[PDB]
Every structure is written in structure tokens, then in C-alpha cells.
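So this first bit is one chain, no partners, the form deposited in one PDB entry, shown in C-alpha cells.
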């Protein structure tokens, strides 16, 4: 309402965003903002006509010649002098408003220009490690603003200024310096802590870790600005006692995208692990495991064999005193038939689910889903199915370690795994070549797919020569695999069969990159490499001391390997099959909620967790300000990146590889598929924008099962996450494709188009030019 506002006196649509900060900082205890007033939105009150006008947004800026000359009554321009040189008469306040046009109201704030002996910035959360318990201060003499001027860096955990980076701050309006004054702390230790202690308190009133700008003037740090820190990764709400340690699911699952609440909910309801969510992603609490030596030796070493960065990061946590409490003081192998029966039992379970869920709606559906989740867990964690999965893994490790010990050949199980039978994910990638084989002879169909952006393009094929054949080949493929997609573990993400257009570029690539039967030739060649390797290994073993026994046991392990390693990819397939069936049903409930005028769009269910959504259907009431909050949350979560290790203090820890004799400027990673190749690096985040061709090396954030069709043309693979037995890596071996995973910032360090050499045996990358 009024024309002028002081700062204890202060309404975002009245004095704006930072007009407030000062207002809700004057009231805080022990502090005091620089004093002064604020010119209000109700001072802003022809201009409207030009406004309605909305190259052409080039000269319309004539609007800003207007405020400068427009003048605005001295009344409020002397009403303001009714309540010290400045910064932010009236030359300026007005030219400022103008700012909304080049780009509607703006409020101008004017404060005190004290001559600060020292001035700086303060984070109550360490900018580097994001540890909530570590406070950082950047201080420089006089006014220095941010991050440019030579400034001391102070790291104060609590009363202990641990690390001091006293920069040689040489250039402290006057502009020159005194030499001895130059290398002395900006703030005294008493002042540092006082400000630290100051800083560690303001966060309480505001709530969250704050970014506080301060200035020291004749012995007092009083606050000029207090922005909230919005960049930190959220801590999993686990109030359970004390300090805890979390493992990133995204890294092991080869899928680092943020997930929506509904999708998150379903993964949590499936897992037997003590799992939690944070930043739209999933984390496993392994704290209890680390509370005892025999359990934490097991945990650390078991995870280290997946990816060493976990182990190294865990050791960092363990070596961190004052955090983790101190320590007080052969598997069965199923027969041959099991794999075939495990698949059929899974397939039949899916069939029954389809015939059962189809008759469910409303709360009946949600009651049914909860019941079917038990069946998912039975199929997913069948003791026999686990024995099948571990059978392939155990055989790999046995081979890799015994062959290298006997012959010096490293990771031999890679070559022996090549073209392993009954791998649902491998088949999917190769069978897309067959689809392209059907389309290739038809010119009219190709001219269509090469150009169309119609989501319903499959409904327009019937008019084309070869369209019926093309549509048929596409339908069969989608019946087998249209249930996968990038981020498939998120139930809410769009499946291939919901958007077949996302497969077209891959198909077009296959049509031009290969001839009439690449699938057969690739698979058969793999079968040949694998058998030739087997013969060679067994031959070279029989010339060792009592080698015919070594060869005999190696032959057994090889047979187990090729019989079971392919099944490893199938449990997720069966799980993903239920997830999609769940999705279609939930979508039908969402549409029903829209018809009832309860939801605005049926996809808004994605931002509700299962139990929350279940209550909405039951009660008929939603809180949209929660949904809208979730939508804002998910948006910020996409801008985040999950750390490999997250602590209860919010500290993000990524492991470090131990470089021994590996090339100087080489980029270290985890070797998961043997071989050395040179090729053009292709940095790609979206598979449908991958213009892959012969000689290319795929560099991406992650390769979950859906990425497999992009493997058929590339000569190497580089990812930022993943592990030894995770998705992607297991497919690289069977495709005979050299691969290095767990490469930190690979999509940033490696420039698209660069020639690189990767070593899938030693695990490194070399930039060639």
C-alpha cells in the first residue's frame, strides 16, 4: 500500500525477491542489515498502450527512452526523502525499472555504503563436498564483488578452522596495495570463528543452508544479502540414529536420470534392500553393514568387485573420524533345464497378470497391484533364479582369476562370453537389424521414415508399397521389446510401444550401415571367436603341470558360463514387463480421475507416490499444491547428478582410481570388456539423436538395456557409471565390444568428434587429437 518501505518495516508483489531478504534479515537476532529504505511496487504506478503492442522487439524498446524522461512525482520522490551516498537520487532508480524490457514491476532497494574493512561471502554448506557441517568463507579487504578478487578461503567445520588458503591478496574508489598487509589474513581467527559462529546461526531462522554475503566494518560483520543455497543434493530423510552412509542405485543400475515419485515408489516397493529416495533417485543404506568388521569387510570387498570407486569411497568414509562409530572388540548350481523353465514360469506369470488386471479399476486395482507385487518378488528373487544368475557370475570370476593365474591372460571370460545363447537384451539389439532388413528393399517406406515426425506413423504405412510388411515387422519387435526404454526402471517413463518413432533413427542407421543379414553374421562370428578361444585355452592348459585337470575344470566352468550368463539379463525383463502392465492400468485410473474432475491431466499421477495416489482414488481428493511442488522438485532434480556415495551430512563422495603405470594423461575407468580400439568419439545423451556409423566410439552417461541397439555399429563404449556385472557392460562382452565404464565426467572431458583410443582390458582412454 505505501510508497516507501524501510527494512524492519517490510509481499513479493510489493517489494520483490531481494527487497524481502533484507526485510527478513533485519528482524534476526544479533544481526543488523545495513539500514535504509525500499522503493515499492506501488511507486511504479501510453506506457500501457505501447505495452499492449507486444526485429519488432528491436525498436519497441523505445519504451526505455520513456522512464528516463518520464518523470515520476516529486511527492513520492520527496516522500522518500521524508524517510550516506548510495547504490542499489532518481537518475538511476528509474533507468533501472527500465530493465524489465530488454528482458511487469520492479522494486528498487537502497542501503548503506559503509566503507567495509573487509567484505565477503559465506556458505554454511561446503561448496566442494556439499558437507552440511563444513562452513566456508571467502574474505577480501574492502569491497570485492563474486569469486574474482584475490580472496582468502576459510574452512570452518566447528570452532576449528581446519584449512586456511590465505591467498596473496594484492589488489584491495582507490586501487593499490601495501606489501606487508598483502599476505595477512583478512579476518582474525576470533573474527573467522565469530563469523563462522555467526553464519552457523542465521541458517536456523531461514531454515536451510544459506549463502550469506557479509561486510566487516570497524569490527562488525553485518549482512548485506542472504540467498538460499539451491545447488545442494538432498539428504535422504532418514532420521535413524546418527551418521549414515548411502550407495547410489543409479550407478549400479546404469541409469542416472531423475525419477518421478510414482516410478520411485514402485522400485521401493519391489526392493528387499533398505532403500530410500533423494533428489529423485535411489540410495541404499549400508550403515548397519558397516557397524561390524566381518560384515563391513564383506560389504566393502563385495562392492569393490562391482566397481572399485565404491570401495575407495567407502574407505574414505571409514577413515573419516567422528562420523562412523568405531568397531567394538560354495553355491549350488541348477541343472540345464532350470533356465528354460524359469523363463516360461515368468512368461506364464505375465500372462495371468494381463488376464487379471484387465478387470480391475479404482481401489480394486490398487488392492490388486499390492497383491501382485508379491508375485513380482517371487519371480524376481526365486532362490533357483538367484542360483541361475550367480552361476554365470561365479563362472566368470573363476575363469578370469584362474586363467590369468595359469596363463597370464587377463579377463578371458570376456571373449568366452561372446554370443552367449538366450540373452533377451542381446537378442533385442541384433533383431533390430532384422527389422531394418525387411524395410531396406522398400524405397517408398524408407522415404517416409527418413522424414516423418508423426507419432502415429505406423497407421500411415498401409498406403505405401511395403508398408504392410514394415508395420508387421515393427509390431512383432514391439510385442517382444516395446516395453523397454531408457530409464525403464521408472514406471512413469515413456515405453517404446507408446512412442515407436524413437526407434526410427536406429532403424535408418542400420539400413545404411549394414547389408542383408548382419544379425546372423555378427552372432555366428561371436560363436566362433568364443569356441576358438575355448580350444586355445584348453590346449595351452594341457602343457602346464597336471594341466589336463585344469583344462577339465576350465571346460566345466566355460560350459556353465555360456549356459547361464545370458539369463542374467532376464529378471529385469520380467520385472519391466509387470511395470508396463501396471502403468497402463494406472493410466486408465488417471483418466478416470480426470473425468471425475479430480485431476487436471491424467499424467499428474506421476508426481504422487503409490500410497498417496491410492488415497486419492479412495477419497476423491488431491492436494495440487503438493503436486505442483513435486513438479518443481523434479525439475531441480534433473539439474542434479547423483554422487556414487552420499552421507547423512550431504557429503558427495566419488571414488578415485589408483593410477599405476597407466599412461600419463589417460582417462581412467573400469575395464569390463577386453580390447583396444581407436575411433571417432561420439558424445550422445539421447539415443534417438545418435547418428552412429562405422568406427564410432559411443560416449554416454549410461547404457541401460534399451541402449543395446546402438551397440551394433559402434567399435567401443564409454560410460560415466556402471560396473563389472551391470547392464550394458554384460552386453559389451557378448558383442565383442571393448568397453570402459565408471569414467567420471566422460561426456564433458571427451569432446564429440575427437579421435580417442580406449583400452577395455586395462581400463583407460587416450585423447589422440
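Positions refer to the first chain, counted from 1. For clarity, a rigid core is taken as the largest C-alpha set superposing within 1.5 Å between two forms.
According to the PDB entry, the deposited sequence contains 1 to 3 residues between residue 145 and residue 146 that lack coordinates. Where residue 329 is followed by residue 330 in the displayed chain, the model omits 10 or more of the deposited residues that sit between the two. When 616-624 is weighed against 320-328, 320-328 comes out higher, by mean CA B-factor as recorded in the entry.
According to the PDB record, 188-196 carries the higher mean C-alpha B-factor of the two stretches 188-196 and 432-440. Within the listed group 719, 65, 726, 706, the record reports its top CA B-factor for 65. As recorded in the PDB entry, 228 shows the highest C-alpha B-factor of the residues 228, 392, 671, 500. Ranked by Cα temperature factor within the chain, residue 25 sits in the highest third according to the deposited record. The deposited CA B-factor of residue 546 belongs to the highest third of values across its chain. For residue 11, the recorded CA temperature factor ranks within the highest third of the chain's modelled residues.
When the CA B factors of the chain's modelled residues are split into thirds, the value for residue 757 lands in the lowest one. In the deposited entry, the Cα temperature factor of residue 141 sits in the top third of values across the chain's modelled residues.
Keep in mind the form deposited in another entry is missing from the figure; the text below concerns it.
Looking at 599, 558, 589, 262 after a core superposition between the shown form and the other one, you find that only 558 has a C-alpha shift of 2 Å or more. Put the two forms on the same core and the Cα of residue 726 is off by 2 Å or more between the shown form and the other one.
Once both forms are overlaid on the rigid core, the distance between the two CA positions of residue 578 between the shown form and the other one is under 2 angstroms. Relative to the superposed rigid core, the position of the CA of residue 375 differs between the shown form and the other one by less than 2 Å. Relative to what is shown, residue 751 and residue 635 are closer in that other deposited form; their C-alpha atoms differ in spacing by at least 3 Å.
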